[PDB]
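Trainee: Here you go, start.cif (mmCIF, C-alpha atoms and all ligand atoms):
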data_data
loop_
_atom_site.group_PDB
_atom_site.id
_atom_site.type_symbol
_atom_site.label_atom_id
_atom_site.label_comp_id
_atom_site.auth_asym_id
_atom_site.auth_seq_id
_atom_site.Cartn_x
_atom_site.Cartn_y
_atom_site.Cartn_z
ATOM 1 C CA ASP R 2 0.000 0.000 0.000
ATOM 2 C CA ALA R 3 1.536 3.468 1.160
ATOM 3 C CA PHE R 4 4.078 1.197 2.756
ATOM 4 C CA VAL R 5 4.779 -1.161 -0.189
ATOM 5 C CA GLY R 6 8.275 -0.709 -1.546
ATOM 6 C CA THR R 7 11.993 -1.128 -1.072
ATOM 7 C CA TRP R 8 13.271 1.265 1.577
ATOM 8 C CA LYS R 9 16.870 2.045 2.531
ATOM 9 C CA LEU R 10 17.959 3.301 5.969
ATOM 10 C CA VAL R 11 19.241 6.885 5.845
ATOM 11 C CA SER R 12 19.263 7.963 9.565
ATOM 12 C CA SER R 13 19.088 6.447 12.980
ATOM 13 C CA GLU R 14 18.911 7.962 16.466
ATOM 14 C CA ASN R 15 19.300 6.126 19.753
ATOM 15 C CA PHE R 16 19.438 2.611 18.237
ATOM 16 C CA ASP R 17 22.322 1.430 20.444
ATOM 17 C CA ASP R 18 20.451 2.588 23.543
ATOM 18 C CA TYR R 19 17.318 0.799 22.339
ATOM 19 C CA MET R 20 19.225 -2.424 21.805
ATOM 20 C CA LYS R 21 20.916 -2.051 25.203
ATOM 21 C CA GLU R 22 17.540 -1.548 26.886
ATOM 22 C CA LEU R 23 16.454 -4.852 25.373
ATOM 23 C CA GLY R 24 19.513 -6.616 26.766
ATOM 24 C CA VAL R 25 21.264 -7.090 23.410
ATOM 25 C CA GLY R 26 24.923 -8.037 23.789
ATOM 26 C CA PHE R 27 27.955 -6.311 22.422
ATOM 27 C CA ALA R 28 28.470 -8.476 19.337
ATOM 28 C CA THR R 29 24.908 -8.067 18.074
ATOM 29 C CA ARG R 30 24.823 -4.346 18.923
ATOM 30 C CA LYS R 31 28.070 -3.961 16.975
ATOM 31 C CA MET R 32 26.465 -5.631 13.917
ATOM 32 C CA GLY R 33 23.330 -3.506 14.277
ATOM 33 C CA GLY R 34 24.835 -0.184 15.065
ATOM 34 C CA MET R 35 26.240 0.819 11.758
ATOM 35 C CA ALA R 36 24.119 -1.533 9.580
ATOM 36 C CA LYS R 37 22.079 0.261 6.871
ATOM 37 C CA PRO R 38 19.426 -2.309 6.071
ATOM 38 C CA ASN R 39 16.876 -2.346 3.297
ATOM 39 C CA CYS R 40 13.336 -2.871 4.381
ATOM 40 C CA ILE R 41 11.155 -4.554 1.720
ATOM 41 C CA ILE R 42 7.427 -4.369 2.387
ATOM 42 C CA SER R 43 4.938 -6.253 0.286
ATOM 43 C CA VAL R 44 1.310 -7.317 0.494
ATOM 44 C CA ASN R 45 -0.604 -10.178 -1.096
ATOM 45 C CA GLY R 46 -4.135 -10.941 -0.037
ATOM 46 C CA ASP R 47 -4.396 -10.839 3.738
ATOM 47 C CA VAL R 48 -0.695 -11.255 4.270
ATOM 48 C CA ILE R 49 1.924 -8.532 4.750
ATOM 49 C CA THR R 50 5.613 -9.404 4.468
ATOM 50 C CA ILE R 51 8.421 -7.251 5.810
ATOM 51 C CA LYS R 52 11.986 -8.260 4.906
ATOM 52 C CA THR R 53 14.951 -6.607 6.593
ATOM 53 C CA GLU R 54 18.042 -7.229 4.477
ATOM 54 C CA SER R 55 21.606 -6.329 5.408
ATOM 55 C CA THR R 56 25.071 -7.545 4.766
ATOM 56 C CA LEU R 57 25.554 -9.461 8.035
ATOM 57 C CA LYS R 58 21.975 -10.635 8.689
ATOM 58 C CA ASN R 59 18.638 -10.924 7.028
ATOM 59 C CA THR R 60 15.247 -11.391 8.710
ATOM 60 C CA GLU R 61 11.662 -11.688 7.522
ATOM 61 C CA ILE R 62 8.189 -11.669 8.999
ATOM 62 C CA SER R 63 4.845 -12.356 7.423
ATOM 63 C CA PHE R 64 1.582 -11.653 9.217
ATOM 64 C CA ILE R 65 -2.075 -10.849 9.107
ATOM 65 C CA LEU R 66 -3.151 -7.666 10.806
ATOM 66 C CA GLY R 67 -4.510 -8.327 14.279
ATOM 67 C CA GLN R 68 -3.330 -11.962 14.389
ATOM 68 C CA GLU R 69 -0.537 -12.779 16.840
ATOM 69 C CA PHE R 70 2.460 -14.636 15.460
ATOM 70 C CA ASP R 71 5.659 -16.120 16.760
ATOM 71 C CA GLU R 72 8.827 -14.229 15.766
ATOM 72 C CA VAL R 73 12.553 -14.850 16.269
ATOM 73 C CA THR R 74 14.055 -11.304 16.364
ATOM 74 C CA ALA R 75 17.430 -10.268 14.971
ATOM 75 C CA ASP R 76 18.865 -10.414 18.517
ATOM 76 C CA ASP R 77 17.407 -13.927 18.954
ATOM 77 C CA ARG R 78 14.511 -13.183 21.260
ATOM 78 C CA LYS R 79 11.537 -15.547 20.871
ATOM 79 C CA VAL R 80 8.599 -13.189 21.032
ATOM 80 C CA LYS R 81 4.882 -13.040 20.400
ATOM 81 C CA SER R 82 4.118 -10.217 17.977
ATOM 82 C CA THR R 83 0.919 -8.494 16.914
ATOM 83 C CA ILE R 84 0.695 -5.802 14.230
ATOM 84 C CA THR R 85 -2.245 -3.539 13.583
ATOM 85 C CA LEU R 86 -2.962 -0.532 11.426
ATOM 86 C CA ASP R 87 -4.064 2.533 13.526
ATOM 87 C CA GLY R 88 -4.517 5.884 11.790
ATOM 88 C CA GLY R 89 -2.226 4.856 8.947
ATOM 89 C CA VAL R 90 0.475 3.676 11.336
ATOM 90 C CA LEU R 91 1.599 0.075 11.437
ATOM 91 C CA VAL R 92 1.901 -0.632 15.130
ATOM 92 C CA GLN R 93 3.900 -3.735 16.147
ATOM 93 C CA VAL R 94 4.152 -4.991 19.700
ATOM 94 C CA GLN R 95 6.520 -7.774 20.708
ATOM 95 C CA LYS R 96 5.848 -9.580 24.012
ATOM 96 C CA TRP R 97 8.269 -11.887 25.845
ATOM 97 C CA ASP R 98 9.153 -12.687 29.442
ATOM 98 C CA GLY R 99 6.662 -10.219 30.865
ATOM 99 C CA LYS R 100 8.162 -7.421 28.755
ATOM 100 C CA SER R 101 6.966 -5.512 25.684
ATOM 101 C CA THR R 102 8.448 -3.246 23.027
ATOM 102 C CA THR R 103 6.710 -1.300 20.275
ATOM 103 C CA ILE R 104 7.869 -0.630 16.716
ATOM 104 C CA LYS R 105 5.703 1.891 14.890
ATOM 105 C CA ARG R 106 6.088 2.459 11.132
ATOM 106 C CA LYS R 107 4.583 5.500 9.512
ATOM 107 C CA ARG R 108 4.783 7.362 6.253
ATOM 108 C CA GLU R 109 5.722 11.090 6.446
ATOM 109 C CA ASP R 110 6.470 13.020 3.250
ATOM 110 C CA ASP R 111 9.089 10.891 1.473
ATOM 111 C CA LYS R 112 10.111 8.991 4.562
ATOM 112 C CA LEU R 113 9.271 5.676 6.238
ATOM 113 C CA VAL R 114 9.720 6.642 9.889
ATOM 114 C CA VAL R 115 10.193 3.817 12.416
ATOM 115 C CA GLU R 116 9.903 4.561 16.114
ATOM 116 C CA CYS R 117 11.141 1.845 18.483
ATOM 117 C CA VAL R 118 10.345 2.127 22.233
ATOM 118 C CA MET R 119 11.588 0.047 25.108
ATOM 119 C CA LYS R 120 10.832 1.472 28.515
ATOM 120 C CA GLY R 121 12.187 5.005 28.628
ATOM 121 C CA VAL R 122 14.254 4.733 25.417
ATOM 122 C CA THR R 123 12.859 5.985 22.085
ATOM 123 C CA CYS R 124 14.776 5.311 18.857
ATOM 124 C CA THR R 125 13.894 6.804 15.488
ATOM 125 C CA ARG R 126 14.975 5.293 12.191
ATOM 126 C CA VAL R 127 14.290 6.877 8.859
ATOM 127 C CA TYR R 128 14.137 5.096 5.514
ATOM 128 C CA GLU R 129 13.789 6.490 2.045
ATOM 129 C CA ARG R 130 12.839 4.686 -1.162
ATOM 130 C CA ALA R 131 15.605 2.876 -2.848
HETATM 131 O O1 LIG D 201 14.754 -0.514 11.368
HETATM 132 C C1 LIG D 201 14.152 -1.652 11.625
HETATM 133 O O2 LIG D 201 13.525 -2.296 10.790
HETATM 134 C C2 LIG D 201 14.201 -2.177 12.976
HETATM 135 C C3 LIG D 201 15.130 -2.959 13.518
HETATM 136 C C4 LIG D 201 16.359 -3.369 12.831
HETATM 137 O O3 LIG D 201 16.615 -2.966 11.687
HETATM 138 N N1 LIG D 201 17.241 -4.162 13.528
HETATM 139 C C5 LIG D 201 18.408 -4.718 13.061
HETATM 140 S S1 LIG D 201 18.953 -4.554 11.463
HETATM 141 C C6 LIG D 201 20.368 -5.563 11.810
HETATM 142 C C7 LIG D 201 20.362 -5.942 13.089
HETATM 143 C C8 LIG D 201 19.246 -5.449 13.836
HETATM 144 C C9 LIG D 201 18.972 -5.713 15.240
HETATM 145 N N2 LIG D 201 17.975 -5.309 15.946
HETATM 146 C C10 LIG D 201 18.190 -5.792 17.212
HETATM 147 C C11 LIG D 201 17.261 -5.532 18.345
HETATM 148 C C12 LIG D 201 16.695 -4.156 18.369
HETATM 149 C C13 LIG D 201 15.848 -5.329 17.972
HETATM 150 N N3 LIG D 201 19.302 -6.417 17.324
HETATM 151 O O4 LIG D 201 19.861 -6.417 16.023
HETATM 152 C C14 LIG D 201 21.480 -6.798 13.638
HETATM 153 C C15 LIG D 201 22.256 -7.566 12.592
HETATM 154 C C16 LIG D 201 22.642 -6.588 11.472
HETATM 155 C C17 LIG D 201 21.407 -5.961 10.786
HETATM 156 C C18 LIG D 201 14.913 -3.428 14.926
HETATM 157 C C19 LIG D 201 13.829 -2.644 15.642
HETATM 158 O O5 LIG D 201 12.643 -2.637 14.797
HETATM 159 C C20 LIG D 201 12.920 -1.820 13.665
#
Would you mind writing the file's structure down as C-alpha cells?
Ligand SMILES: O=C(O)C1=C(C(=O)Nc2sc3c(c2-c2nc(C4CC4)no2)CCCC3)CCOC1

Mentor:
Amino acid sequence: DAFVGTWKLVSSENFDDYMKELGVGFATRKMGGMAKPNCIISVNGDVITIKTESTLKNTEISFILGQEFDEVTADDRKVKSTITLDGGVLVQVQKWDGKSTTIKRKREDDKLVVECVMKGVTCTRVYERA
C-alpha cells in the first residue's frame, strides 16, 4: 500500500540505547549499530511481508493484521508479535518474558519513519525509497 516498496535506511537515532535496553549483547549491537538495512514491504491478499536485508543478517516476517504470530528477532529473542494498522500507522508490539516493546512504522512526506520504544528509550529510524 503506502508502505509497499523497497526502503533504505538513511538515519538512525538512539538505536544502540534501544538495543541495550532490550539486553542485546555487544556483538549483536556492533552488527546492528552501523548496519544500513533495506526494508522490503509487500502485500498479497491478507498477508503482509516485511523483509529486513543487510550484509551481516537478514530477517523476515509475514503476518495478518490483528493476528498474533511467533517471531525470532534479529537479537534472537523468541517473542509473540501483533501488528495492527491505527490511523495509517503500522503498530507492532513484541511480548516476551513479561516485557513488551513497540515498533511503529509511519509514512511522512518521502520517509518511512520507524519509532522503536523500550521502557524510557525511544529510537527513530528513517528510511527512504531505494
Ligand atoms: O529498522 C528496523 O527495521 C528495525 C530494527 C532493525 O533494523 N534491527 C536490526 S537490522 C540488523 C540488526 C538489527 C537488530 N535489531 C536488534 C534488536 C533491536 C531489535 N538487534 O539487532 C542486527 C544484525 C545486522 C542488521 C529493529 C527494531 O525494529 C525496527

Trainee: Smallest atom-to-atom distance to ligand LIG 201 (chain D): which of R:73, R:90, R:118, R:36, using only C-alpha atoms and all ligand atoms?

Mentor: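 Closest candidate: R:36.
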
Trainee: Calculated over all atoms listed in the file, which of the candidates R:54, R:100, R:108, R:11 has the smallest distance to residue 120 in chain R?

Mentor: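 Using all atoms listed in the file, residue 120 in chain R sits closest to R:100.
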
Trainee: Running the PyMOL selection byres (((not hetatm)) within 8 of (chain D and resi 201)) on this model by hand, what would come out? Give it as a PyMOL selection string.

Mentor: chain R and resi 10+16+19-20+23+25+29-34+36-38+40+53-59+74-77+104+115-117+126-127

Trainee: Using Å and a single decimal, report how far CA of residue 86 in chain R sits from CA of residue 8 in chain R.

Mentor: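 Distance between the two atoms: 19.1 Å.
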
Trainee: Could you name the residues that touch residue 110 in chain R at 12 Å or less, counting only C-alpha atoms, but leaving out those on the same chain fewer than 4 positions away, as a list in words?

Mentor: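 Result of the neighbour search: residues 3, 114, 127, 128, 129 and 130 of chain R.
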
Trainee: Store the residues picked out above in a file with C-alpha atoms, as a PDB file, in the coordinates of the input.

Mentor:
ATOM      1  CA  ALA R   3       1.536   3.468   1.160  1.00  0.00           C
ATOM      2  CA  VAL R 114       9.720   6.642   9.889  1.00  0.00           C
ATOM      3  CA  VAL R 127      14.290   6.877   8.859  1.00  0.00           C
ATOM      4  CA  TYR R 128      14.137   5.096   5.514  1.00  0.00           C
ATOM      5  CA  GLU R 129      13.789   6.490   2.045  1.00  0.00           C
ATOM      6  CA  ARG R 130      12.839   4.686  -1.162  1.00  0.00           C
TER       7      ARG R 130
END
